[PDB]
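Engineer: Quick one, what's the 3D model for this:
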Amino acid sequence: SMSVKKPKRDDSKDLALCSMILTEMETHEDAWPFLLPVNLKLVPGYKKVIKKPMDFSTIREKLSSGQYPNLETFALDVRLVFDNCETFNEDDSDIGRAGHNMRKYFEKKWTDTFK
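Structural biologist: Residues are numbered from 1 along each chain as shown. Provided below are the atomic coordinates:
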């Protein structure tokens, strides 16, 4: 509350560390469905169904230009990519499986880096 603060967690390396995590997601072999925005002209249904499209390139641009106020807003966009994938793709598809694998991979790096 006013003039009463918990001790200051050092957040000065968060930008650099989220960048490294993102690099590792970008270079994973199962990243291919997630590297670029889904083409909304060419994928019937995507525009109407997926209210908030997100992909690694868009996260990368937001990160590079100071559009994440903190590390949690960054994690929310990453998770949004996998949540969208689950909403549109059958679990037993290459893209559905890619999504489950990438989410697992991300959540481990996230815990190991920050928890």
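
Engineer: I'd like to know how many residues surround the closest residue to residue 103 other than its chain neighbours.
Structural biologist: Distances taken as Cβ to Cβ, 6 or more residues apart in numbering place residue 82 nearest to residue 103, at 4.2 Å, with adjacent residues excluded. No exception for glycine: its C-beta is placed from N, CA and C like everyone else's. Residue neighbour count, defined by other Cβ atoms under 10 Å, stands at 20 for residue 82.

Engineer: what do you get for residue 10?
Structural biologist: When neighbours are counted by other Cβ under 10 Å, residue 10 registers 6.

Engineer: what's near enough to touch the residue nearest to residue 103?
Structural biologist: 99-100, 102-103, 106 (Cβ atoms under 8 Å, 6 or more residues apart in numbering).

Engineer: and which of these is nearest to residue 16?
Structural biologist: residue 106 (17.0 Å; Cβ to Cβ).

Engineer: OK, contacts around the closest one?
Structural biologist: Per Cβ under 8 Å, 6+ apart, neighbours of residue 106: 21, 25, 78-79, 82.
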